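Here is the structure we will look at, set down as structure tokens.
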Amino acid sequence: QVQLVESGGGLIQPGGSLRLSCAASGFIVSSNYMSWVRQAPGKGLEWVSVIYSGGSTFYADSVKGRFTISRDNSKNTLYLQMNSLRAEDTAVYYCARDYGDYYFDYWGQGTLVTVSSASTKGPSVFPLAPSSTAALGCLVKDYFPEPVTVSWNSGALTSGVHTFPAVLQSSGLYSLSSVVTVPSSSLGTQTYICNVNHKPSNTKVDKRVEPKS
Amino acid sequence: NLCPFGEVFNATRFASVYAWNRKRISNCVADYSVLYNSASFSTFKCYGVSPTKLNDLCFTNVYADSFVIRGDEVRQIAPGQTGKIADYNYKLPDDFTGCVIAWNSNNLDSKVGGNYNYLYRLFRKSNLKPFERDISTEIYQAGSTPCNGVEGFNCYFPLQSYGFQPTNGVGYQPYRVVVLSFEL
Amino acid sequence: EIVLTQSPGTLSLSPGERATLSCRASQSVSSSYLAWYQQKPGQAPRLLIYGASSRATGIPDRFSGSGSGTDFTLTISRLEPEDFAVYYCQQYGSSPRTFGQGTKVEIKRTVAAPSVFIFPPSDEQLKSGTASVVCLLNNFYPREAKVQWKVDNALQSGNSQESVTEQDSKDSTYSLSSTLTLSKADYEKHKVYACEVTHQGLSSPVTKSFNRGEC
Ligand SMILES: *[C@@H]1O[C@H](CO)[C@@H](O)[C@H](O)[C@H]1NC(C)=O
Numbered sequence: 001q002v003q004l005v006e007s008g009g010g011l012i013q014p015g016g017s018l019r020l021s022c023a024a025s026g027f028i029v030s031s032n033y034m035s036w037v038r039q040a041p042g043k044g045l046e047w048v049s050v051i052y053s054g055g056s057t058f059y060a061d062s063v064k065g066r067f068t069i070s071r072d073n074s075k076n077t078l079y080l081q082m083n084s085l086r087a088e089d090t091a092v093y094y095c096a097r098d099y100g101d102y103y104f105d106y107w108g109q110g111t112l113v114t115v116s117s118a119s120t121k122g123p124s125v126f127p128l129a130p131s132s133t134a135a136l137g138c139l140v141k142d143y144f145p146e147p148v149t150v151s152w153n154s155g156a157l158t159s160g161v162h163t164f165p166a167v168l169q170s171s172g173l174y175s176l177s178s179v180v181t182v183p184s185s186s187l188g189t190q191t192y193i194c195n196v197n198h199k200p201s202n203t204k205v206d207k208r209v210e211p212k213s
Numbered sequence: 214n215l216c217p218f219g220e221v222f223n224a225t226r227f228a229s230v231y232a233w234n235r236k237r238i239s240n241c242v243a244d245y246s247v248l249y250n251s252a253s254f255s256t257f258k259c260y261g262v263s264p265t266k267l268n269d270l271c272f273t274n275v276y277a278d279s280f281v282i283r284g285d286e287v288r289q290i291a292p293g294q295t296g297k298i299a300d301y302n303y304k305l306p307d308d309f310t311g312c313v314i315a316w317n318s319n320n321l322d323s324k325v326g327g328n329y330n331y332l333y334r335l336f337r338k339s340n341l342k343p344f345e346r347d348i349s350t351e352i353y354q355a356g357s358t359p360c361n362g363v364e365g366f367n368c369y370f371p372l373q374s375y376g377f378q379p380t381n382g383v384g385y386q387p388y389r390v391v392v393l394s395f396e397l
Numbered sequence: 398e399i400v401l402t403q404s405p406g407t408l409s410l411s412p413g414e415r416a417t418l419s420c421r422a423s424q425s426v427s428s429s430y431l432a433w434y435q436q437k438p439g440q441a442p443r444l445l446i447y448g449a450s451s452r453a454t455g456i457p458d459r460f461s462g463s464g465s466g467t468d469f470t471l472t473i474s475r476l477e478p479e480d481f482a483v484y485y486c487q488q489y490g491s492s493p494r495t496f497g498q499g500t501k502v503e504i505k506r507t508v509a510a511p512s513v514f515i516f517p518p519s520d521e522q523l524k525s526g527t528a529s530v531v532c533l534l535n536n537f538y539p540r541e542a543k544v545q546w547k548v549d550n551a552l553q554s555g556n557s558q559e560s561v562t563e564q565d566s567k568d569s570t571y572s573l574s575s576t577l578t579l580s581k582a583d584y585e586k587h588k589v590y591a592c593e594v595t596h597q598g599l600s601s602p603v604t605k606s607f608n609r610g611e612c
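Chains as they are written, first to last, in my numbering: chain A, 1 to 213; chain B, 214 to 397; chain C, 398 to 612.
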């Protein structure tokens, strides 16, 4: 019945523009207050804009003069036109109906908007050799954008695996380690190969990790 | 024959902003210099006329509007504002000629536990025209389904109770407002 | 300009325990105009309490908030395995509307010491002129750890990036990986590379190091 589906999210160059959409079901955007709420990665929530059922609109100070919220009564869709975007604008943008400029009682699913001046770059995978229970793994370094799926022995190995979250390096590219603890008894019986997959660049890497000498 | 300003400012009961009250003031010698020299008024702004020299003018009809709202909202009582009040309750036009008087009344309109008598309209399909007065209480249909006078989901009562409590901040205390419309 | 300071930052409790979250504002929040939101991992926030007490629609009864003026509180009578999320309070008694930073409701478990491991930079990467050293901390608890690098016994700062996993769905422990990054040139001017791990579960700090070139 009542639903909020966002769209229009994507990677955009700094200073460029982007329009988010919010298809509404069961709701009439022309009859409710509609707010945009963004959440930067790891950070908390932040109110962006609101459009009163009557037509008046208001904007947070950090997006004033750069964002513009509107609606199309004919398609029952909420819009958010972003201009002169910057890196501090990167976040998940939720569109939500709020009970009269008060609290937001029904939220959407969220759409990720990434503002970054980096180019598509595949990852360089490097072993974490298990020197002399042991631990080994892979260092997926210097890729953009997310994400990269890391598996071990073609999904056969899944116990004790710990794929860490991406960290955004100062260069603007993401790094990411993966590790798997295993019984040191098999460091010579079993071969461990981590399968790195980065769909955005059509890059599939296989890297065997074994002890050094 | 002096104007019945006392029957408006010194009134015992003020109306809810949604059902704002209007008094026709005509056929009387008004002295506006006693008002602008009171100090009891925390807000006394005039538009189109000068605050001083107000008595040297004459008008066909002078309307006095009154209602209660919070302090955070007295800023919306002025030509060209937007917000819940100037949008769905009381709208001054852009070419407004008159004065907007208001004073904190936390000692009359507040009670221990909260004073909910005062109300304001919360949902409305479109904005008000200048000097439009909407006292309709029909269930606000916010969804795709009719409401047929039954509250519930996407079927809300279009009026909200203020709830002024003496222990609130000054921005959410009750304020009495008087609006003078001058017809030249 | 009203600032909301929730506390604590993380809340460690087991299923069935009473959870109390605080939310203190810098200025009076008139009329108890405070909301509570819940954000399970990887989902859009959900409304729990509007008006510091009025419960949202369909929300289970175990949620209940109170508070007035400058101090509010969201309480969870009997915690469930699906209430381990971050909770945001939000004020709307003045514009603009602001949120809190969040309170994370963890899963309390026994103190667990971390298995430490350290990895020399793969020679393949040294060809790229960049040396990445990795120091892993495996299955520990509580989540408060501390990793310091020591290159020839000089404490390194400003060149390391940590990354923590989410609490495991089984042993409810954490795993952390610190990644020290140097240039091939600097990496080869020093010998002993180490990482010191201070954790509540260890008697004394653990130090696992290696000499450059496996010497
Ligand atoms: C209200 O009453 C006081 C006290 O009698 C009086 O001084 C004041 O002038 C009155 N207000 C008006 C507008 O006449």
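Don't be surprised by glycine CBs; every beta carbon is placed ideally from N, CA and C.
| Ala291/B to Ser31/A span [Cα, whole Å] | What you label residue 291/B is simply residue 78 of the second sequence in a count that begins at 1. What you label residue 31/A is simply residue 31 of the first sequence in a count that begins at 1. About 25 Å.
| message | Checking the sheet assignment: what are the DSSP bridge partners for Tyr484/C? | response | Working through the third sequence from its first residue, we reach residue 484/C at position 87. Bridge partners of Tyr484/C: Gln435/C, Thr500/C.
| query | Alpha carbon to alpha carbon, what distance is there between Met34/A and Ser184/A? | reply | Position 184 of the first sequence, counted from the first residue, corresponds to residue 184/A. Position 34 of the first sequence, counted from the first residue, corresponds to residue 34/A. So the two alpha carbons sit approximately 58 Å from each other.
| With a cut-off of 8 Å, does the C-beta of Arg346/B fall near any C-beta of chain A? | By 1-based counting over the second sequence, the position of residue 346/B is 133. No, no contact with chain A.
| Taking 8 Å as the CB-CB limit, is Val63/A close to chain F? | Within the model displayed, chain F is absent; protein chains A, B and C are what it includes.
| Which runs of the beta strand (DSSP E) fall wholly inside the stretch 42–71 of chain A and span at least 3 residues, in chain order? | 45–51, 57–59
| task | Whole angstroms is fine: what's the gap from residue 375/C's alpha carbon to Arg609/C's? | result | Past the edges of chain C, shown from 398 to 612, lies residue 375/C, and the structure says nothing about it.
| said: In this structure, how does DSSP classify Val29/A when only helix, strand and coil are distinguished? | reply: Looking up residue 29/A in the first sequence gives position 29. Helix.
| query | Can you tell me the Cα-Cα spacing of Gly490/C and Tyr102/A, whole angstroms? | reply | Residue 490/C sits at position 93 when you count from the first residue of the third sequence. Residue 102/A sits at position 102 when you count from the first residue of the first sequence. The straight-line gap from Cα to Cα measures roughly 8 Å.
| field | beta-carbon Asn223/B near ligand 3 non-hydrogen atom, thresh 7 Å | value | Annotation note on ligand 3: not contained in the displayed structure, which lists ligand 1 as its ligands.
| request: Check whether the Cβ of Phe377/B lies closer than 7 Å to any heavy atom of ligand 1, and answer yes or no. | output: Here the question's residue 377/B lines up with position 164 in the second sequence. Every heavy atom of ligand 1 is 7 Å or more from the Cβ of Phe377/B, so no.
| Unbroken beta strand (DSSP E) run spanning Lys207/A, endpoints | Counted from its first residue, the first sequence places residue 207/A at position 207. Run containing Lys207/A: 203–209, per the beta strand (DSSP E) assignment.
| Where the alpha helix (DSSP H) through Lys581/C begins and ends | Here residue 581/C corresponds to residue number 184 of the third sequence, with the count starting at 1. 581–584 is the span of the alpha helix (DSSP H), which, as asked, contains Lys581/C.
| C-alpha distance - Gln169/A paired with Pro41/A, whole-angstrom precision | Residue mapping note: residue 169/A aligns to position 169 of the first sequence, counting from 1. Residue mapping note: residue 41/A aligns to position 41 of the first sequence, counting from 1. Roughly 14 Å between the two C-alpha positions.
| said: Using CA atoms only, rank isn't needed, just tell me which of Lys43/A, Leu112/A, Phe144/A, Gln3/A is closest to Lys199/A. | reply: Position 199 of the first sequence, counting from 1, holds the residue named residue 199/A. Nearest option by C-alpha distance: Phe144/A.
| said: Suppose the cutoff is 6 Å on Cβ atoms and the five residues either side in sequence are ignored; what does the same chain contact list for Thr472/C look like? | reply: In the third sequence, the residue the question calls residue 472/C occupies position 75. Excluding positions up to five away in sequence, the list reads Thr417, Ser461.
| said: Checking the sheet assignment: what are the DSSP bridge partners for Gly464/C? | reply: Indexing the third sequence from 1 puts residue 464/C at position 67. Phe469/C.
| task | Pull up the distance between the alpha-carbon of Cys612/C and that of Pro518/C, whole angstroms please. | result | Locating residue 612/C in the third sequence gives position 215, where the first residue counts as 1. Locating residue 518/C in the third sequence gives position 121, where the first residue counts as 1. For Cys612/C and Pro518/C, the distance between alpha carbons rounds to 14 Å.
| query | Taking any Cβ of chain B, which residues in the stretch 34–59 of chain A have a Cβ under 7 Å from it, in chain order? | reply | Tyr52, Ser53, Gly54, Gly55, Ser56
| query | Are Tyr484/C and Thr470/C touching if we call contact CB-CB under 8 Å? | reply | Sequence index remark: in the third sequence, residue 484/C carries index 87 (1-based). Sequence index remark: in the third sequence, residue 470/C carries index 73 (1-based). No. Outside cutoff.
| query | Do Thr527/C and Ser557/C have their C-beta atoms closer together than 8 Å? | reply | Start at 1 with the first residue of the third sequence, and residue 527/C comes out as number 130. Start at 1 with the first residue of the third sequence, and residue 557/C comes out as number 160. No, Cβ-Cβ distance for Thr527/C and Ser557/C is not below 8 Å.
| said: Beta carbons nearer than 7 Å to chain B: which residues of the stretch 420–433 of chain C have them? | reply: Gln424, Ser425, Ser427, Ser428
| field | Neighbour-count burial assignment, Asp322/B, 16 or more Cβ in a 10 Å radius | value | Position 109 of the second sequence, counted from the start, is the residue given in the question as residue 322/B. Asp322/B should be labelled buried.
| query | Under 8 Å between C-beta atoms, does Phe27/A make it to chain B? | reply | Start at 1 with the first residue of the first sequence, and residue 27/A comes out as number 27. With 8 Å as the cut-off, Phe27/A counts as an interface residue toward chain B.
| query | Excluding sequence positions up to five away, which residues of its chain have a Cβ less than 8 Å from the Cβ of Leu552/C? | reply | As a first step, residue 552/C must be located in the third sequence, where it is residue number 155. Answer for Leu552/C: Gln545, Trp546, listed in chain order.
| request: Output yes or no for whether 8 Å exceeds the beta carbon distance between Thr57/A and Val50/A. | output: To locate residue 57/A, count along the first sequence from 1; it is residue 57. To locate residue 50/A, count along the first sequence from 1; it is residue 50. For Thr57/A and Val50/A, yes; Cβs fall inside 8 Å.
| query | What are the boundary residues of the alpha helix (DSSP H) that includes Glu220/B? | reply | On the second sequence, residue 220/B is found 7 positions in, with the first residue counted as 1. Start and end: 219–222.
| Chain-ordered neighbours of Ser124/A on chain C, where CB pairs are closer than 8 Å | Your numbering for residue 124/A matches position 124 in the first sequence. Neighbours of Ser124/A on chain C, chain order: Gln522, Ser525.
| field | CB contact check: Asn268/B to chain C, cutoff 8 Å | value | Counted from its first residue, the second sequence places residue 268/B at position 55. With 8 Å as the cut-off, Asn268/B does not count as an interface residue toward chain C.
| Excluding five sequence neighbours on each side, which residues of the same chain lie with their C-beta closer than 8 Å to the C-beta of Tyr192/A? | Position 192 of the first sequence, counted from the first residue, corresponds to residue 192/A. Same-chain partners within the cutoff: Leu136, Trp152, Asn153, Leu157, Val180, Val182, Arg208, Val209, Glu210.
| message | So, under 8 Å CB-CB, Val313/B and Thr256/B are touching, yes? Tell me the CB distance rounded to an integer number of Å. | response | For the purposes of this step, residue 313/B is taken as the residue at position 100 of the second sequence. For the purposes of this step, residue 256/B is taken as the residue at position 43 of the second sequence. Between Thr256/B and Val313/B the Cβ distance is about 7 Å, and since that is below 8 Å, they are a contact.
| Residue burial classification, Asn367/B (beta-carbon count within 10 angstroms, cutoff 16) | Within the second sequence, residue 367/B is the residue found at index 154, counting from 1. Looking at its Cβ environment, which holds 16 or more other Cβ atoms inside 10 Å, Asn367/B is buried.
| message | With the cut-off set at 8 Å, would you say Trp107/A and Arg494/C are in Cβ contact? | response | The residue you call residue 107/A lines up with position 107 of the first sequence. The residue you call residue 494/C lines up with position 97 of the third sequence. For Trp107/A and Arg494/C, no; Cβs fall outside 8 Å.
| message | Checking 8 Å against the spacing of the C-beta atoms, do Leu80/A and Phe67/A come in under that value? | response | As a first step, residue 80/A is located in the first sequence; it is residue number 80 there, counting from the start. As a first step, residue 67/A is located in the first sequence; it is residue number 67 there, counting from the start. Yes, these two residues count as a Cβ contact at 8 Å.
| request: Anything in chain A within Cβ reach of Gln558/C, meaning under 7 Å, just list it in chain order. | output: Sequence index remark: in the third sequence, residue 558/C carries index 161 (1-based). In chain order: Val167.
| query | If contact means a Cβ-Cβ distance below 8 Å, which residues of the stretch 1–18 of chain A contact chain C? | reply | none
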